[PDB]
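J.: This is the structure, below, for whatever I ask next.
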Amino acid sequence: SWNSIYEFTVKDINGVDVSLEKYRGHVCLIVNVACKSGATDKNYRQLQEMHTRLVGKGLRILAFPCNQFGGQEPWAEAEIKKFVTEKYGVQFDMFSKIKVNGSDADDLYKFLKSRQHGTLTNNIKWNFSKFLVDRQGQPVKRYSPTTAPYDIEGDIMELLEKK
């Protein structure tokens with residue numbers, strides 16, 4: 001019964017309910033994030049740089065805080081928002097904290113994982129895994145946590161050239 005990301009609603013980091021219909025016709029990069037990890041700086045800085053350069057062409061980065069990996073996203077939303085804006089100047093879209101694995105995972109992630117399977121198992125492996133979603137809301141690629149955002153630029157460019 002699930003067919004595209006536009007059918008799902010999630011709370012943004014300010015506690016407001018957002019239908020992902022907002023993103024219709026744009027290329028989305030969906031990332032589970034954490035503030036207290038050794039990988040935090042590199043992921044956030046590359047994502048913010050790519051956002052600045054590519055938002056005009058249609059890139060929409062969605063960042064979902066998740067505390068399931070080493071307890072590395074413990075803070076409340078206000079504190080997460082303050083941290084990422086002060087440290088990285090994040091201008092892309094931040095969401096409220098969710099689970100990405102288990103039976104209480106957000107429906108969005110249950111959908112993403114169904115459409116783009118993992119290796120050995122479908123669980124998100126660590127902080128900062130990435131899913132790429134095309135201009136029709138279809139998940140088309142999944143990347144490991146250690147895939148740098150810049151390594152996804154070519155795939156993003158390919159989809160940004162599609163109608």
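Convention: chains lettered A, B, ... in structure tokens order; per-chain residue numbering from 1; ligands numbered from 1 as shown.
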Residues near range 2-5 of chain A, anyone? I mean within 9 Å using only C-alpha atoms, not counting same-chain ones fewer than 6 positions away, as a PDB file with N, CA and C atoms, in the first residue's frame.
T.:
ATOM      1  N   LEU A  20       5.433  15.122   3.664  1.00  0.00           N
ATOM      2  CA  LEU A  20       6.566  15.133   2.706  1.00  0.00           C
ATOM      3  C   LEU A  20       6.128  15.444   1.278  1.00  0.00           C
ATOM      4  N   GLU A  21       4.809  15.590   1.082  1.00  0.00           N
ATOM      5  CA  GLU A  21       4.288  16.185  -0.157  1.00  0.00           C
ATOM      6  C   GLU A  21       4.988  17.507  -0.471  1.00  0.00           C
ATOM      7  N   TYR A  23       7.934  18.060  -0.687  1.00  0.00           N
ATOM      8  CA  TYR A  23       9.122  17.763  -1.486  1.00  0.00           C
ATOM      9  C   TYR A  23       8.867  17.273  -2.902  1.00  0.00           C
ATOM     10  N   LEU A 108       8.260   6.172   7.658  1.00  0.00           N
ATOM     11  CA  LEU A 108       9.128   6.600   6.558  1.00  0.00           C
ATOM     12  C   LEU A 108      10.320   5.639   6.402  1.00  0.00           C
ATOM     13  N   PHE A 111       9.483   2.201   5.128  1.00  0.00           N
ATOM     14  CA  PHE A 111       9.304   2.320   3.665  1.00  0.00           C
ATOM     15  C   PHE A 111      10.653   2.346   2.930  1.00  0.00           C
ATOM     16  N   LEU A 112      11.535   3.231   3.386  1.00  0.00           N
ATOM     17  CA  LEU A 112      12.848   3.365   2.755  1.00  0.00           C
ATOM     18  C   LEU A 112      13.607   2.029   2.729  1.00  0.00           C
ATOM     19  N   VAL A 133      16.281   9.800  -3.081  1.00  0.00           N
ATOM     20  CA  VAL A 133      14.881   9.699  -3.498  1.00  0.00           C
ATOM     21  C   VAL A 133      14.707  10.604  -4.721  1.00  0.00           C
ATOM     22  N   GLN A 136      10.023  11.810  -8.260  1.00  0.00           N
ATOM     23  CA  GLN A 136       8.686  11.208  -8.128  1.00  0.00           C
ATOM     24  C   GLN A 136       8.509  10.487  -6.777  1.00  0.00           C
ATOM     25  N   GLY A 137       9.417  10.771  -5.848  1.00  0.00           N
ATOM     26  CA  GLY A 137       9.283  10.293  -4.466  1.00  0.00           C
ATOM     27  C   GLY A 137       9.701   8.837  -4.302  1.00  0.00           C
ATOM     28  N   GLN A 138      10.410   8.309  -5.300  1.00  0.00           N
ATOM     29  CA  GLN A 138      10.828   6.908  -5.269  1.00  0.00           C
ATOM     30  C   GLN A 138      12.240   6.741  -4.685  1.00  0.00           C
ATOM     31  N   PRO A 139      12.391   5.913  -3.624  1.00  0.00           N
ATOM     32  CA  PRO A 139      13.756   5.640  -3.120  1.00  0.00           C
ATOM     33  C   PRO A 139      14.510   4.797  -4.165  1.00  0.00           C
TER      34      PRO A 139
END
J.: Taking 3 positions as the minimum chain separation for residues in the same chain, which residues sit within 10 Å of range 44-51 of chain A when counting only C-alpha atoms? Answer as a PyMOL selection string.
T.: chain A and resi 29+31+33-35+39-41+54-63+84+87-93+128+148-150+153
J.: Need the shell around residue 122 in chain A: protein/DNA/RNA residues with any atom at most 12 Å away, counting only C-alpha atoms. Skip same-chain ones fewer than 6 positions apart. Format as a count of residues only?
T.: 14
J.: Going by DSSP on the backbone, which bits of range 31-138 of chain A are helix (DSSP H, G or I)? Write them as a ChimeraX atom specification, please.
T.: /A:40-57,77-88,107-115
J.: Determine the nearest neighbour of residue 80 in chain A from the options A:162, A:42, A:36, A:130, counting only C-alpha atoms.
T.: A:36
J.: Which polymer residues have any atom within 10 Å of an atom of residue 71 in chain A, counting only C-alpha atoms, with same-chain residues fewer than 3 positions away left out, as a ChimeraX atom specification?
T.: /A:34,36-37,66-68,74-75
J.: When you draw a straight line from CA of residue 121 in chain A to CA of residue 158 in chain A, how long is it in Å?
T.: 27.7 Å
J.: Nearest to residue 97 in chain A: which of A:72, A:118, A:152, A:27 is it, counting only C-alpha atoms?
T.: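 Residue with the minimum atom-to-atom distance to residue 97 in chain A: A:72.
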J.: What does the structure give for the distance between CA of residue 135 in chain A and CA of residue 105 in chain A, in Å to one decimal?
T.: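 Distance reported for this atom pair: 24.4 Å.
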J.: To one decimal place, how far is CA of residue 24 in chain A from CA of residue 143 in chain A in Å?
T.: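 About the pair CA of residue 24 in chain A and CA of residue 143 in chain A: they are 22.1 Å apart.
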J.: Looking at only C-alpha atoms, which of A:82, A:134, A:70, A:1 is the one that sits closest to residue 13 in chain A?
T.: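 When distances to residue 13 in chain A are compared using only C-alpha atoms, the smallest one comes from A:82.
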J.: Between A:76, A:132, A:16, A:22, which one has atoms that come closest to residue 154 in chain A, using only C-alpha atoms?
T.: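 Looking at the shortest contact to residue 154 in chain A, the residue is A:132.
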